[PDB]
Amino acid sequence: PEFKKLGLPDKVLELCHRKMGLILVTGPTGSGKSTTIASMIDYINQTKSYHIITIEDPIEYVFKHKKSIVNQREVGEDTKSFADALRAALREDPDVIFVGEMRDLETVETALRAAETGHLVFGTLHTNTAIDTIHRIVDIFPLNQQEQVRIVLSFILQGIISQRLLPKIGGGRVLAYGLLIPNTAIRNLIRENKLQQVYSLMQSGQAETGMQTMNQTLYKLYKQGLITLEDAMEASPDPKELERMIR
């Protein structure tokens, strides 16, 4: 799918012009996150002549050979463990790597190093919120290593998209998303571990301006008659905040 059909705003695609660092796209089962990822990489494919390496449990979409060079590796027939395959792409030196899933410490740690030594890294997680995303990434590490991981993220995190697909009208289903594309202020707060204040700053990014909470995105979809009230409440990672909004 064309990134313009995604229902996501333009600044998410600017992320693909970043030269290194980590981009995360998350959400529950059948959240459409692979479809977002694939639309964003296929943009790259069409626009830049890069070397692109993919690592997917089953590959979920096959990429056309356009401007870029894309190697898509299924953990299993091609290789075996995400970790294994990741460190193998790493030495290969590509411009972009997509790591289908970081279930593991080893995968996650390799992803972080790739992102810091000159590569653009896409990954997916099943977390529901930009905030939970950060906690899953850090918390999987041993206590004594989390300050470390937290501040690496503060410098190398490029963006995280939390998605949900809702029913209704307009085009079919609609994409509901949360979005956190750190700026100097949230970088700092991640550093100090002020994740509560990071959220308050997402509430300020009006109709985007780099940041946008899920609850807001549900609110505007609802306010445009794009989903129903019940659907919105059902999908909110904090119904109390949306209900306060509605009033």
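Just count from 1 along the sequence shown to find any residue number.
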Can you let me know which of the two, 124 to 132 or 161 to 169, has the higher average C-alpha B-factor in the entry? 161 to 169
Mean Cα B-factor check, 141 to 149 vs 100 to 108, entry values; winner is 100 to 108
Residue with highest C-alpha B-factor in the PDB entry, from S204, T36, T26, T213: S204
Which one, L86, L175, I156, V75, has the peak C-alpha temperature factor per the PDB entry? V75
Using only modelled residues of the chain, where does the Cα B factor of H17 rank: lowest third, middle third or highest third? lowest
Third of chain Cα B-factors occupied by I186: middle
Consider only the C-alpha atoms of the modelled residues in this chain, order them by B-factor as the entry records it, and name the third containing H51: lowest, middle or highest. middle
C-alpha B factor of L179, ranked within the chain: lowest, middle or highest third? middle
Using only modelled residues of the chain, where does the Cα B factor of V62 rank: lowest third, middle third or highest third? highest
